[PDB]
Amino acid sequence: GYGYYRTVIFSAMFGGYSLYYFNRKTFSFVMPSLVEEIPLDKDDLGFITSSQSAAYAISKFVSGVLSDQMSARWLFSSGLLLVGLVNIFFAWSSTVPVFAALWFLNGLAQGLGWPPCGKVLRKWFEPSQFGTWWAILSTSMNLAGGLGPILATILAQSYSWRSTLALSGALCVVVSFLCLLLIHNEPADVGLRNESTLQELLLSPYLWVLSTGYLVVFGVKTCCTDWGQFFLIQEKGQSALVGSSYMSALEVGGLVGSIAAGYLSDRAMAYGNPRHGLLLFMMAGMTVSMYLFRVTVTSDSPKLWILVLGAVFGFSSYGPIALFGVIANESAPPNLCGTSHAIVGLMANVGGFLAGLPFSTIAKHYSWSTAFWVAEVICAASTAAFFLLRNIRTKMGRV
Ligand SMILES: O=P(O)(O)OC[C@H]1O[C@@H](O)[C@H](O)[C@@H](O)[C@@H]1O
Numbered sequence: 005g006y007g008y009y010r011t012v013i014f015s016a017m018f019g020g021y022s023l024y025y026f027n028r029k030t031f032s033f034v035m036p037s038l039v040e041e042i043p044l045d046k047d048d049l050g051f052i053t054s055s056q057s058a059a060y061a062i063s064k065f066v067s068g069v070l071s072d073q074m075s076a077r078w079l080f081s082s083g084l085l086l087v088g089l090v091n092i093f094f095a096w097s098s099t100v101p102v103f104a105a106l107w108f109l110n111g112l113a114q115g116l117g118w119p120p121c122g123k124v125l126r127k128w129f130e131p132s133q134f135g136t137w138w139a140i141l142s143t144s145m146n147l148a149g150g151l152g153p154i155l156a157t158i159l160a161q162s163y164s165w166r167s168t169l170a171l172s173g174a175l176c177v178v179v180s181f182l183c184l185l186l187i188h189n190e191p192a193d194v195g196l197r198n214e215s216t217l218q219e220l221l222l223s224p225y226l227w228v229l230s231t232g233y234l235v236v237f238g239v240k241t242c243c244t245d246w247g248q249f250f251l252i253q254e255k256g257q258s259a260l261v262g263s264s265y266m267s268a269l270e271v272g273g274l275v276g277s278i279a280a281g282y283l284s285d286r287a288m289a296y297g298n299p300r301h302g303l304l305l306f307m308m309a310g311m312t313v314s315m316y317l318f319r320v321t322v323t324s325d326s327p328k329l330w331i332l333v334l335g336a337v338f339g340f341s342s343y344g345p346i347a348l349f350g351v352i353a354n355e356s357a358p359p360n361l362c363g364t365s366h367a368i369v370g371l372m373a374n375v376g377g378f379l380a381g382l383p384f385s386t387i388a389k390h391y392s393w394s395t396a397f398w399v400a401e402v403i404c405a406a407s408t409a410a411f412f413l414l415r416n417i418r419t420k421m422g423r424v
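For the sequence shown, the residue numbers in the deposited numbering are 5 to 198, 214 to 289, 296 to 424.
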């Protein structure tokens, strides 16, 4: 029965997480213009991305493991300020080692944003709305990623990427203070108030199936998101604007996938779970759309086909992520939640890392088309393996 605190703190969290994701992907968008200005090869960008992904994986694992020695409001503000500062210092730089270092510091700082977001969510809300509130808050990433790719490309006509990065850093710095002044860790303003072992958890042959299902989906999604603009600009003849709009159309369907995965899971169709069929259909759609994008798209093709393929791929790729997040927590052994998700998140992050330097060097050796061929083959093999392996124990922890 509290008022206006829920609104203020929720808006603050939305803004903060939007800025985090916008900074990471603002490097992602300025990559082509940086390549045009600074003559970077095909394997330095992958090196930078891989370094950032590894740093983010380590930071996220550490922050998930240690989530008690914090105030949940100083950590958030410090992370936002550090991200803004590293972006500002990234704006004024030329060489490759500096880029890699200043982006391994950004990836390290990026791990302190999400873990403290739940420490206020669990305390400011009744436990009957946390499930939907998590899903509502998770769309900030899609909102931030569906606006940047087109905005930066359409603004770079008269202003260089340096101005964009500097302004993004300044905005992050200011919103750091604006969010430190508003977020409340726990309700204390006027006065408000409310067997199992690791051996038996790692040995269950379902955690690794879920984990590899996630190292494959996340790696494929990250590789496609990061290199679709380059695949469109080079090889097949399309302008830079069409390539940028592919990413924005990818996140437009991603928002629908995350917010409708839960709706389609429990309803309609209802060991195993009554979501494997939907998950397999989503994976098959992700493979078919990626194959069609690789083959059908040519120099002469209406942009509507490209946008439709991007939206379909986004919908087919952002659904399994939410499905995995739900299923891992639901099938986790009792009193082992959180630590049953840290491993899954760590392997998803390492799969995202695998789509950096190795993908870049595969493309550099032969072509982009071969790299996407390998990605499609991997996805198809994983889908077939999932389809063959359904009746396995999903009650890990004790039997
Ligand atoms: O993928 P990131 O950058 O860790 O974003 C955090 C959230 O991203 C969502 O996509 C996952 O389903 C959540 O479980 C996760 O916490």
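Cβ atoms here follow ideal geometry from the backbone N, Cα and C, with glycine treated the same way.
Boundaries of the alpha helix (DSSP H) harbouring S55: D48 to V69, taken from the DSSP string. Taken in chain order, the complete alpha helix (DSSP H) segments of 4 residues or longer contained in the segment 116-147 are 122-128 and 134-141.
DSSP places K240 in the helix class (H, G or I) of the three-state scheme. At a cut-off of 6 Å, the beta-carbon of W137 does not count as near ligand 1: no heavy atom of the ligand is closer than that. Secondary structure of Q257 (DSSP, three-state): coil. About 25 Å separates the Cβ atoms of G122 and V177, ruling out a contact at the 8 Å cut-off. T241 is a Cβ neighbour of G377, given a cutoff of 7 Å. Under the three-state reduction of DSSP output, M266 falls in the helix class. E214 has its alpha-carbon roughly 45 Å from the corresponding atom of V271. For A388, the number of other beta carbons within 10 angstroms of its own is at least 16, and it is reported as buried. Under the three-state reduction of DSSP, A192 is assigned to coil, being neither helix nor strand. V333 and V275 have their alpha carbons spaced roughly 14 Å apart. Under the 10 Å beta carbon count, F412 is surrounded by fewer than 16 other beta carbons and is classified as exposed.
In this structure, the alpha-carbon of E254 lies about 11 Å from that of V322.
In this structure, ligand 1 has no non-hydrogen atom nearer than 6 Å to the beta-carbon of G344. Rounded to whole angstroms, the gap between the alpha carbons of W398 and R319 is 8 Å.
The Cβ-Cβ distance between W165 and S37 falls below 7 Å. When Cβ pairs closer than 8 Å are counted between the two stretches, the segment 128-137 is seen not to touch the segment 73-93, the count staying below three. With respect to the 7 Å criterion, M372 and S341 are not classified as neighbours on the basis of their beta carbons. Between the segment 139-148 and the segment 98-118, the count of Cβ pairs shorter than 8 Å is below three; the stretches do not touch. Contact check between the segment 76-87 and the segment 175-194: three or more CB pairs, one atom from each, fall below 8 Å, which counts as touching. In the DSSP annotation of this structure, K420 is not part of any alpha helix (DSSP H), being labelled neither H nor E. C-alpha of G302 to C-alpha of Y225: approximately 17 Å in a straight line. In the three-state DSSP reduction, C183 falls in the helix class (H, G or I).
Nearest to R415 by alpha-carbon distance, out of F14, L304 and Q218, is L304. Each of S63, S162 and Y25 was checked against the Cα of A148, and the nearest Cα belongs to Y25. Ligand 1 approaches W118 closely enough that one of its heavy atoms is under 6 Å from the residue's Cβ. When Cβ pairs closer than 8 Å are counted between the two stretches, the segment 324-339 is seen to touch the segment 254-269, the count reaching three or more. By the neighbour-count criterion, in which a residue is buried when 16 or more other Cβ atoms sit within 10 angstroms of its Cβ, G350 is buried.
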